[PDB]
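Shown next, in structure tokens, is the structure this report addresses.
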């Protein structure tokens, strides 16, 4: 019953109630509604106060999307990329739970006004707005494997002037690509293709142009320049085997050059093997 | 009901011992903002009960083999640590609150998840067929899980590589329980 | 109506949320010595609504470009601070009066008067043409404004400098939206056009023909030749010129002997 409570004091009830909705647990007055989440505040609350509350509604709603997305992305079938994408997307959720703890401990001394809460959470309103946009654009068009590593390379190009959401989308793609770049160092420096889930750009079969064939969808779209030298590098390693490190960087092509240094040897062992 | 009283019972529900009683730990007053976090906070205990029944039901019968022991005796080194965390959390109750627990117990909500779901994938497997199930779990990619299960495999696959290094250099296979893939005929 | 009640609503009109309602914020009793200062103080909100609409309306469509996104972003770091002032001010209310707000909010009536008049001078400008219309606000002299806008330009030149440092050292221009002043055509006479419209004001028209020539010199060195490899800003263009071009002749005289054909084309054809 907030109608019987004064203005300057009832604010101390919303801030400690609103400090829980940002975690996922429901609240006392500002409740959540069943399922993109919609919220309900109060019939008898200051109209201006309700408008101010609405301003803090999106960060929570942008959090109830990433949390649901993280649990789902643990499926083994989703590929070895939609996995490490969900792990590196979890460390930020941990640091978002630390930022809500530091607020409640600062709320006990009463030093936390309603307006103060609105500012403090600004680094969180920008980050949990980036991840709630990838989590909703990776599931819209079903992506798994390379097509989930392309989206993290265009959504990192749009923020060319943010310099703050461009450090983030570089931290994800740097961690959501270690599994992919660990099956590649087996297909170039050797001939074996592990790829338990169907995600790699090169699949095999069972007279020699149908043995290994490029799959067009699962191309990282930043290796699209060398989609033919990769397939040609391992292929030469197998017609000899049955007879008898890479890291991702932006605006630096240390891996594009690293592939040419092995394909230029992959042929010199087979061509010499036939002469 | 004070918030401190809830912090007193939750530190027990993390173990199996039950306001909070026993499949969800239905709590039974208090405000809605408290019941929700308790129900979503007392999930470690339910997971703990699941990872405890297996390492107690199969530590009873003597027909589980030699691999099924190094597995049932490697689910304990990953439980003493979960008993060290409960030690630390109890010393501070004398300050921590509900919203402070969520960050404390956000990581052991995952280890207590893989293990609680690693003992169901391998239920009736004994001998080497159990050391085969752990290998399937490795193909996950998640750098936190693939680094955990790839350690339990390094303990479960020690007895298997004990017969192998015996049946290769000495040719004397001995397993009253049929585990090794080399079956002899009397 | 008590004076304290006015101090309660004004704290909200500073944001857009409306006694004081919504172009002036006409207030609707009380004494004349109160209504006048309220209308004077509320004119900070009407400056807050206009800047907020531009960042919001253009944070919706995805066809505003790369430089445009930076300008919209550049208007939020200069709004969180306006969100911090509203915070500290409210705490004091839980004493301050109208005769006390005027001095508190005398400075953020200026920053909210350059920004609310910087988003109208550049309305339909996208790409580099926007980074050239937020530079035409530096010729002002006012030491408080020329040191504010000359920072948003620093956060609006980063994207323009990005491409340039790409189209000079690698010759691979990529902009789905047409922003860079080097327009390609899907190898010397055509496929390169100097866009007269999207040249930033802070680059002289001659400097814009030394980048279109360094980019072309490297793009042509890869495909056809079949080979693969402020004042400090002006020195960077010339450093990228007196090295790339001097190398283009070496690969065009040793791998193709361009000169040995001119002499041989005089002996026989002439």
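Values in this text are rule-based calculations from the coordinates and carry no lab data. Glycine also receives a Cβ, built like all others from the backbone with ideal geometry; neighbour counts cover every protein chain displayed.
Scanning the range C:11-45 for residues that are outside any helix (DSSP H, G or I) and in contact with a strand residue (DSSP E or B) (Cβ under 7 Å, 6 or more places away or on another chain) yields a count of 3.
Residues checked against (1) part of a helix (DSSP H, G or I); (2) more than 12 Å from every other protein chain (Cβ to nearest Cβ); (3) closer than 26 Å to residue B:102 by Cβ; (4) touching a strand residue (DSSP E or B) at 6+ places or on another chain (Cβ under 7 Å):
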site	(1), (2), (3), (4)
A:101	yes, no, yes, no
A:104	yes, no, yes, no
A:143	no, yes, no, no
A:177	no, no, no, no
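Taken over the range A:74-99, the criterion of being more than 9 Å from every other protein chain (Cβ to nearest Cβ) and either more than 19 Å from residue A:167 (Cβ to Cβ) or outside any helix (DSSP H, G or I) (or both) is satisfied by A:75, A:77, A:78, A:89.
Here is a yes/no grid of residues against (1) in a loop (DSSP other than H, G, I, E, B); (2) out of contact with any strand residue (DSSP E or B) (no Cβ under 9 Å at 6 or more places or on another chain); (3) over 30 Å from residue A:166 (Cβ atoms):
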| residue | (1), (2), (3) |
| --- | --- |
| A:199 | yes, yes, no |
| A:209 | yes, yes, yes |
| A:216 | yes, yes, no |
| A:232 | no, yes, yes |
| A:236 | no, yes, yes |
| A:246 | yes, yes, no |
| A:251 | yes, yes, no |
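Would you confirm whether or not the range C:250-270 contains a residue that is surrounded by 11 or more Cβ atoms within 10 Å (Cβ to Cβ) and within 20 Å of residue C:173 (Cβ to Cβ)? No, every residue in the range C:250-270 fails to be surrounded by 11 or more Cβ atoms within 10 Å (Cβ to Cβ) and within 20 Å of residue C:173 (Cβ to Cβ). Residue A:70 meets each of the listed conditions (1) touching a helix residue (DSSP H, G or I) at 6+ places or on another chain (Cβ under 6 Å); (2) in a loop (DSSP other than H, G, I, E, B); (3) surrounded by fewer than 19 Cβ atoms within 10 Å (Cβ to Cβ) apart from (2).
Going through B:141, B:127 one at a time, which residue ends up being crowded, with 17+ Cβ neighbours inside 10 Å, over 30 Å from residue A:107 (Cα atoms), within 14 Å of another protein chain (Cβ to nearest Cβ) and in contact with a helix residue (DSSP H, G or I) (Cβ under 7 Å, 6 or more places away or on another chain)? From the options B:141, B:127, the qualifying one is B:141.
Of all the numbered requirements in (1) touching a helix residue (DSSP H, G or I) at 6+ places or on another chain (Cβ under 8 Å); (2) surrounded by fewer than 17 Cβ atoms within 10 Å (Cβ to Cβ); (3) within 14 Å of another protein chain (Cβ to nearest Cβ), residue C:15 misses one, and that requirement is (2).
Within 13 Å of chain A (Cβ to nearest Cβ) and crowded, with 17+ Cβ neighbours inside 10 Å: which single residue out of B:99, B:111 fits that description? Give the derivation first.
Details: B:111 fails: within 13 Å of chain A (Cβ to nearest Cβ).
One residue alone meets the criteria, B:99.
Is the range B:136-159 home to any residue that is over 26 Å from the mean Cα position of the chain (by Cα) and assigned to a helix (DSSP H, G or I)? Checked against the condition, which is being over 26 Å from the mean Cα position of the chain (by Cα) and assigned to a helix (DSSP H, G or I), the range B:136-159 yields no hits at all. Residue A:12 meets the conditions (1) within 11 Å of another protein chain (Cβ to nearest Cβ); (2) within 20 Å of residue A:104 (Cβ to Cβ); (3) exposed (fewer than 15 other Cβ atoms within 10 Å of the Cβ) in every case but one. The failed one is (3). Based on what the data block shows, is residue C:216 part of a helix (DSSP H, G or I), touching a strand residue (DSSP E or B) at 6+ places or on another chain (Cβ under 6 Å) and either within 14 Å of chain A (Cβ to nearest Cβ) or surrounded by 15 or more Cβ atoms within 10 Å (Cβ to Cβ) (or both)? Against the criterion (part of a helix (DSSP H, G or I), touching a strand residue (DSSP E or B) at 6+ places or on another chain (Cβ under 6 Å) and either within 14 Å of chain A (Cβ to nearest Cβ) or surrounded by 15 or more Cβ atoms within 10 Å (Cβ to Cβ) (or both)), residue C:216 qualifies. Within the range B:71-88, not a single residue is part of a helix (DSSP H, G or I) and in contact with a strand residue (DSSP E or B) (Cβ under 6 Å, 6 or more places away or on another chain). Looking at the range A:151-175, which of its residues are surrounded by fewer than 20 Cβ atoms within 10 Å (Cβ to Cβ) and either under 30 Å from residue A:266 (Cβ atoms) or touching a strand residue (DSSP E or B) at 6+ places or on another chain (Cβ under 6 Å) (or both)? Passing the criteria: A:153, A:174, A:175. Residue A:123 meets all of the listed conditions (1) surrounded by fewer than 15 Cβ atoms within 10 Å (Cβ to Cβ); (2) within 14 Å of chain B (Cβ to nearest Cβ) but one, namely (2). Counting only residues that are touching a helix residue (DSSP H, G or I) at 6+ places or on another chain (Cβ under 7 Å) and at positive phi, the range B:64-114 holds 0 of them. Does residue A:167 qualify as being touching a helix residue (DSSP H, G or I) at 6+ places or on another chain (Cβ under 6 Å) and assigned to a helix (DSSP H, G or I)? For residue A:167, the condition - touching a helix residue (DSSP H, G or I) at 6+ places or on another chain (Cβ under 6 Å) and assigned to a helix (DSSP H, G or I) - is not met. Among the criteria (1) more than 12 Å from chain A (Cβ to nearest Cβ); (2) outside any helix (DSSP H, G or I); (3) loosely packed, with under 13 Cβ neighbours inside 10 Å, the one residue C:62 does not fulfil is (1).
Is it true that residue A:65 is over 27 Å from residue C:86 (Cβ atoms) and at the interface with another protein chain (Cβ under 9 Å from one of its Cβ atoms)? Judged against the criteria, residue A:65 is not a match.
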